[PDB]
Structure formats: structure tokens, C-alpha cells
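What follows is a set of notes on a single structure, which appears directly below.
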Ligand SMILES: Nc1ncnc2c1ncn2[C@@H]1O[C@H](COP(=O)(O)OP(=O)(O)O)[C@@H](O)[C@H]1O
Ligand SMILES: Nc1ncnc2c1ncn2[C@@H]1O[C@H](COP(=O)(O)OP(=O)(O)O)[C@@H](O)[C@H]1O
Ligand SMILES: [Cl-]
Ligand SMILES: [Cl-]
Ligand SMILES: [Cl-]
Ligand SMILES: [Mg+2]
Ligand SMILES: [Mg+2]
Ligand SMILES: [Mg+2]
Ligand SMILES: [Mg+2]
Ligand SMILES: [Mg+2]
Ligand code: NA
Ligand code: NA
Ligand code: NA
Ligand code: NA
Ligand code: NA
Ligand code: NA
Ligand code: NA
Ligand code: NA
């Protein structure tokens, strides 16, 4: 289900991916990315590589979507709100003509970008660069504008007989002048705290036939803006265009992730072989390279935690899940097969109700894992009795080697190190320690178990030499 | 070093004790509480015992101290503020009259209360029930005051000066309570009285601590024998009991995490620290030794190379600097690294310490270590046991199980492969 994407911190990979979307359309798709059918995932891989090859820009799709959705509901869209949507459609078509001569997988997506010309040429006639509605837009408005602009110069007009302050302003959307202490008639807008904002008697009557022509201004503009909105809504090209951008935004981010982290195109075969692989979320991550195949199914990692043990289990699993999701994956080169189910046993320490939780996941593996399934097991046999737990831990390893699963196990149990020798299909490996430098490395040593650390600490630490006392 | 005080959460034990001070003076002592010379230790139970037997109450010393501060700085002390210091000084002497006749070690502490009679009769003649200044205070202020006897009411910015006799009056007053502030400063038992009061506050709190947490009264000896001990800081603590003697010196407490095992170590050693500090230990009956040093090897949860190299740095100390009178608390021995060298080193540390004849208590997870511990001079296997997958958390001496059947109680397949030969 989930609980494998959760365990492997896949949503953090989604979080990084959506940070590199340029629209919410891409952002949403990244936040719901998940393992795909194999043809889709490779097609996402091929798309990602080619968007590395030729970068492209995007509209603000999503402002386009939000305007279009409001049009479908039958909002009366704002002028610039139409204009901003109109430009995004215009850039979407322009991107399509940019992308088609590439004649490759980017172009095939871009073929979904519609012909939005009839909406555009409506818009370019209708409204100007600022989103206000032109005189051109209907003839009915043009007569209104022709009867309005000259009337607005009355009042121009501007009488003196001064003593008044300055200017001409309009209050309550009717023209007026400021005056102090006079002797000039009529009907006051507001007052000061001197101004008194006068609305002379002479120019009341032809104020109302400017308010009248104002009410016709909206009554023909709010006809036009609605009609432009319905022309946007009744444009069947926009979904298939919006679908196309959300890919192109997502596939832009699925590549810009790989540029930014060091990710690569995997290929799918019948066995895993990673070349300098690492955890995407670990900064400056140490690069390591292994291979699991039908001869060497299960890789048993013997470990001074905290020196790499759990990160590799997440490193393998996260590369596979990103691969199945169409993401580029965290290697110099990656060859992974395609498990029917990943099984992850990883914690959230280490006594004995961790161990029950470890058993609870392993039982799920023991019942319904096939030879095609990939198993990650952390802290096998720890948290519990080292004697009885060792026999159980071998008992579960035998169950899965006979089962033909592939995957990776981390354990501390020395009786399990002796078991990975001499038993076909499981192999030992460890994590290096510069015990001289008193650090983990975090390299990986294939073939070599987590051999002996404890004495060599002591000599650097100035313990008595009457001790040691070495049994062996 | 007392690192080990910090390690064993001793300042938390101080924090409870200082909470039950009735004065700042006792509160300061409790936060300063240290392991003691043994006579003062064995004394301070005889006080903490008897101050349970005969409880008392204490004055507002501190406010005695701080006001007697400001009259060593020589403020003109406030009118009530001198009365309050006097009230404690009187209230301090009621203790000495009350705490003398029982003759106990409680009584010898009361013998440092001063004979503050000369101060108090100066107070009592001068200044009143309310902290005002009265006529009685002097030849001067009994006059001057009487006098001030006005005339008024002549009726059916009023002339008659305005108060140009009356408004003179004044200052007068001190002098007398500046003299009494100096008399407070120069009184020759006051620092000794404050020492006696603060100690009785400290003993009072320690008596309250004993009742509140269920504490009892160690006796010291040449071997440990703890009887239903527990941890004073673990609420509803399970009780447990053992002996470290010369015969059985070291208790190798096997057993799992969460557990018990890391906090028996604190249970023993904090009782030892709490005893050596003249306090009441966390047990029904407890018999203890007086170790020259207590070494704790306790950390700071999952167990590393770096914790182990931390742990190895404290076993270096014990191997270098522990005698047969030492008490060692060693945690998670050989946890951290491979079992392979991890045991063969951890054994050799045990042998060196069983040779050295220290007495202590160890927690490990190494299987070979508990097959070493069966068959040796004095070292014994214990465990905390386990339940419903619960821990209990009660010791079992003798006894280092249970890796399967978690599995069968989860009903895995079978897959048994119970062949653990
Ligand atoms: N290859 C690596 N590169 C960088 N850091 C790593 C690497 N592997 C592990 N780490 C560090 O170790 C932690 C992961 O725990 P890890 O050591 O893998 O599990 P375990 O404690 O079981 O060995 C992370 O916080 C990370 O910082
Ligand atoms: N005697 C006890 N009574 C009640 N609770 C205890 C007791 N001993 C330990 N605990 C509980 O166990 C916790 C300490 O863990 P601990 O058992 O010391 O770990 P470990 O199993 O590694 O020794 C404490 O939080 C405490 O609540
Ligand atoms: Cl139109
Ligand atoms: Cl014996
Ligand atoms: Cl069975
Ligand atoms: Mg781990
Ligand atoms: Mg090998
Ligand atoms: Mg512990
Ligand atoms: Mg001694
Ligand atoms: Mg030796
Ligand atoms: Na991580
Ligand atoms: Na899967
Ligand atoms: Na009391
Ligand atoms: Na009390
Ligand atoms: Na155990
Ligand atoms: Na505790
Ligand atoms: Na190891
Ligand atoms: Na051994």
C-alpha cells in the first residue's frame, strides 16, 4: 500500500520535486507521484531526459486554470483576469510551436496544447495591455465612450474668482472643488480637519448625466467581460492544454531534480546492479555500489551502527520507488528489476517491542512474498535474546533464500555472520570504520562481515595491560 | 568526581528537598547538600529522626536575615520591618526553650540560639503591636509628641499661621530605630542564631522528605543489604532487594531493555549518595558500607562505538583507581561493539574487578558474560523479569530467555526450526 512510501521517506522526495514545479499544476502532480505502470515510468524517464536536453519555460497555468474554472462556474471574470488567462493560453501555443520541431517525446505532449486562437483574437480586440476594456470592444460601448470623454471636460471648467486651495477632485464619484470660507454655492462632499469640497450648483445637472453614463459603462462592460468569460469557458481546448502543461511542468521538475541532486536514468532488467548509489536526502552522501542477482539474492550487512546500515536499505528502496515513479534515480548507473511488491521492515532504541514489530512485518514477508519480491530488513534478531533470536533469524533467512526473494538485511548477530558463509544466495558485507580516525566512513565492504572492533578501541584508550587477557 | 552526583540525578533529589524548606536559609542548604564526613552523616539522621518524633515550626528567618542585611548596610529600617525581625528573634528563642529539655541531638542545635533579650526589650518598650512608633520610645519622643496638642473648630487660608508651629514638629523619629537597627547589627548572637534556625529548617524538610517519599534510616557497616529498596524519583516504583557482601560482590544483572536494569544502578547508588549525605534512604531496611569512591558508568539511547568508547573511558578509571572498599556501577558492559572481542575484554574487566574485590552491580547483554558469572568467586546472575509483553519490573537473583514465543504469540509460520543446538 502506503507504509512503504512512508517508511522510505518518499514524500520528502515528493516535497523536493514540487519545490521545482513552476505551476501548482506541476506541484500537485509531484505531491501525488507514486509507482507507475512500467511503460509509463520509462516514458516519464524519456521525457525527463529530453527536458534536460532542451529546457523550456511555462505559463502561469493555474492562474489560467483558476480563471478557467471560475468561467465554467459562470463567474464574471475581471478584465485583467481574462487578460492574464489570455496570455497564458498565448504562451501555451507559443511553447507548442517551440516544442513540435524537436519532433520527440516533448513534442508529443505538446500536441495536446490546443488551438486557442478564437479566444485570443476576441481578447486582443476587446481589452488593452492593462486589462481595461477598449473603446473598440463593442460599438455600443464606443458610443458611450464617445459621449463620455468630452463630457468629462465638463467640468473642465475650473472657475476663479479664487480663494479656492489647489485642485479639482471628485468625492462620492462626483466632481467638486475645495474652498475655505466662501461664498460659493451648494452641496458639500465632505469637510476638513477647511476644504468643503463643494460640488457647485452650476454643474450638478450634468453630473447626473455622467453618473448615468457610468451605469451604462458597466452595463455594457459587464456584458463584455461575461461574454469573454463564456468564450473562455466554452473553449474545449483548455483542459487538454492544461493537462499538457502539467506534464510539461512536472517533467520539467523531474529533470531539474536530477540536475540538482545527481540523478540518472535507470534501466529495468532481471537483477539489481547499482553503480555508485546514494540516498537522495542525505547531504554529501557517500556513494556505494552493489548488485543483487539470482546467484546472490540477499545481502547481509554487519554493522557498527551508526555507520551506514539503515541508510543503504533506504538507498536501495528509494532508488527503486523513484524508478517505478518515473523519477531519475540515485546512482552513476542503475539497473533494477521490477518487484511485484517491495517489503520494507524498518523501525520508527531496540528492545523487544521493536522486535515484535520486526516480527510482525517479517511474517507478512513469510506468507505472501514471491521470488520476484524485494525485501529490506533492518535490525534482524536484535532487541531480543541473542541465543533464541539467532535461531529464529536464521530460520527466517532460510525461508527467504529457498523462496528466491532478493534484497538486503542488516544485523548484528555474529551467528548470522557465520551463516552467510557456506550458504548459497546470501553474502556478507560490512561498513568500514576509520577506528584510527574514530569515525564512520561510510563506505561499504562487500564480502567482508562486521569483524572485530572492541579490543582495538581499548589500546587507543590507555587501558591496563595486565588486562588483555584475550580468550579467543 | 561528582560527576556521579550529576549522573545519579542527585540535584533532582536536592530540588525535592529544597522545595520543603520553610525558609530560604534551609532552601539554600538543601541545594548545597553534599556527601559528608561520617559523623555528621550519622548525626544528621539522629536529627532527621527526632524531628520526625518531635516536629516543630520555624520563624521567618531569611526575612530575619535580609532585614538584618539592610541594618548591616544601615538603612533607616521600616517600622514593621524591625518588628518582623524581632518577632522571628523572639520566635527563634521559643524553640530553644521548647527544644532544650528533650536533651536530644535536636536539643544541642537549639543551644546556639542567642540570648537576644537586650534587643527585644528595646523593641518592646519602644515600638508597638502594629510596627508604629509610640510615645514610650525615649525621654525625647515621649515629650516632643505631647505637645502637638492643637486648637480648632472656631467657626459659626484661614489665618492662624497655617501650621507654622504644627508643621515644624518632626523629624524626629529615628535615631531610635536607627539605633535599634544598629542594635540589630551589633547583637552578638544573631549570626549564630541564624545558623541554628537554618539547620533546623533543613532537618525539618528532610523529615518531611522521609515521610513524603517513604524513606528509612540506613545503618552503615562492612557489607550492603538492601531490603525492598526503590527509586525515589520513579513514581509508583516497584520494590526490590538484594545483598552485596564479601562472598557475593558483584550482581551481573542480565535482562532486556525497559527493563529495570539501568535504574537499579541509580536505585543503589543514589541510596548510597543519599545516605552519605545525611539523608534517608529509599528502602524499608537498608544496610550500607561507606565506600571511598562510588564509580558510576552510566550514559547520556541506542548504543554505539562512541558510547562504548565513552564507557571504556570510565572503566579505565575503576581499573586504575578502585580499592577493595570501592562501589562500582557499570552499565551496558560490552554493549556497543562486536560480541567477539566485546566479551573477552568485558570478562577481563570483571576478573580484574573480582580480583580487586570491589563490590558493585553490572548490567550487560553479552550471553558469554552470564556463563562466566556462573562459576567464579563472588559474582551472581540476576535479571529483571518480563510478563503480556510487559516488564514487571522486579529483580530475580540467580537467573539471566524468551527469544521465540514472542514469535509464537504472534503466530508466525513454522519455520521452526527450533533447532538451536
Ligand atoms: N552513505 C552515507 N552518507 C552520509 N551519511 C550517512 C550515510 N549513511 C549513513 N549516514 C548517516 O547516518 C544516519 C543514518 O543511520 P545509519 O547509520 O544508516 O543506520 P544504522 O545506525 O542502523 O547504521 C544518518 O543521519 C546519516 O547522517
Ligand atoms: N523499579 C522500577 N519501578 C518502576 N518503574 C521502573 C523501575 N525501574 C525502571 N522503571 C522504568 O523504566 C524506565 C528506565 O528504563 P530502564 O529499565 O532503566 O532501561 P533498561 O531496561 O535499559 O535498564 C524509567 O522511565 C522507569 O519508568
Ligand atoms: Cl466580445
Ligand atoms: Cl559463590
Ligand atoms: Cl510450535
Ligand atoms: Mg538502524
Ligand atoms: Mg563471504
Ligand atoms: Mg539502559
Ligand atoms: Mg573507607
Ligand atoms: Mg585479569
Ligand atoms: Na534519511
Ligand atoms: Na512496488
Ligand atoms: Na516534620
Ligand atoms: Na509534609
Ligand atoms: Na537479553
Ligand atoms: Na530514573
Ligand atoms: Na558488529
Ligand atoms: Na569469552
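Sequential numbering from 1, following the chain as shown.
Method of determination (from the header): X-ray crystallography, 3.4 Å.
Keep in mind that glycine also has a Cβ here, set from the backbone N, Cα and C atoms.
Sequence annotations record features per position, and here Swiss-Prot assigns ATP binding site to B:255, B:256, B:257, B:258, B:259, B:260, B:261, B:262.
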Spanning 60 missing residues, the endpoints are residue B:156 and residue B:157. What is the Cα distance in Å?
17
So what sits near residue B:255 (ATP binding site) in its own chain, CB-to-CB under 8 Å and at least six residues off in sequence?
B:261, B:363, B:382, B:383, B:384, B:385, B:386, B:400
If you measure Cβ to Cβ, which of the binding-site residues B:259, B:261, B:262 are under 8 Å from chain A?
B:259
CB contacts under 8 angstroms to residue B:260 (ATP binding site), restricted to the same chain and 6+ apart in sequence, sorted by sequence, are B:253, B:384, B:391, B:392, B:393, B:394, B:395
Given that 2 residues are missing from the model between residue B:400 and residue B:401, what is the Cα-Cα distance between those two, in Å?
7
Among the binding-site residues B:255, B:256, B:258, B:260, B:262, name every one whose Cβ is found under 6 angstroms from ligand 8, counting any of its atoms.
B:262
Same-chain residues at least 6 apart in sequence with Cβ under 8 Å of the Cβ of residue B:258 (ATP binding site), in sequence order, are B:391
Tell me, if you would, which residue among B:256, B:259 (binding-site residues) has the fewest other CB atoms within 10 Å in the structure shown?
B:259
Which one of these binding-site residues has the most other Cβ atoms within 10 Å of its own Cβ: B:257, B:262?
B:257
Which number gives the other C-beta atoms within 10 angstroms of the C-beta of residue B:261 (ATP binding site), all protein chains shown included?
25
Near ligand 15, which of the binding-site residues B:256, B:257, B:258, B:259, B:260, B:262 have CB less than 6 Å from any of its atoms?
B:256
Just need one number: Cα of residue B:300 to Cα of residue B:301, in Å, whole number, across 3 unmodelled residues.
8
Check the deposited model and tell me the whole-number distance in Å separating the CA atoms of residue B:387 and residue B:388, where 2 residues are unmodelled.
5
